[PDB]
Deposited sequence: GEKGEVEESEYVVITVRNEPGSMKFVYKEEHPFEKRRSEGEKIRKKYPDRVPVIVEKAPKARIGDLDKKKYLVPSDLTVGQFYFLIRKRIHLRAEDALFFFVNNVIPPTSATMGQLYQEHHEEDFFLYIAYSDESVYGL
């Protein structure tokens, strides 16, 4: 694009989670996930179970383990720190979380995100990706 007939620098989102399918949901039937989510939420009412998987086609390192049991008051920012270290990202490498394809505030708590976004199996689902954008 160019217009004021100067060109725009066009920025475009790439390899967003969008409506990604989690391997966890493919691998385990609903009743098994729901029973597990119910039981871990009863066992630890002040913690939330979270599935973390990579956005398809994200140009980013693999995550060894996908199932997290997190204090409800833990911030997104603190969870970023732990996940970056599990992936062994360089400080200069981008990492963004998406819940339902929306990047959450770093000061949000995992409990706030869970209360708003947990699925019917009582898990919170987080996709991670790189910057997921180009054009500059």
In sequence order, what intervals of the deposited sequence carry no C-alpha positions?
1, 5-6
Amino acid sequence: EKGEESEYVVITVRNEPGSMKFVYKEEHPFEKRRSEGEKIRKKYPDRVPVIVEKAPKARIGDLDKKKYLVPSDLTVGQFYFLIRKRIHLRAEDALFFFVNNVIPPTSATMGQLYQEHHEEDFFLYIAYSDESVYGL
From here on, numbers count along this sequence of modelled residues.
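Each form is matched to the other, and the largest set of C-alpha atoms that superpose within 1.5 Å is called the rigid core.
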Say the other structures are aligned on the rigid core; which stretch then has the higher CA RMS in 7 other deposited structures of this protein, 102-110 or 47-55?
102-110
Higher-B stretch (mean Cα B-factor, as the entry records it), 112-120 or 5-13
5-13
Hey, which bit's got the bigger mean C-alpha B factor in the entry, 82-90 or 47-55?
82-90
Here the Cα B-factor of residue 127, set against its chain, lands in the third termed lowest
Would you mind ranking residue 65 by its C-alpha B-factor against the rest of the chain and naming the third, lowest, middle or highest?
middle
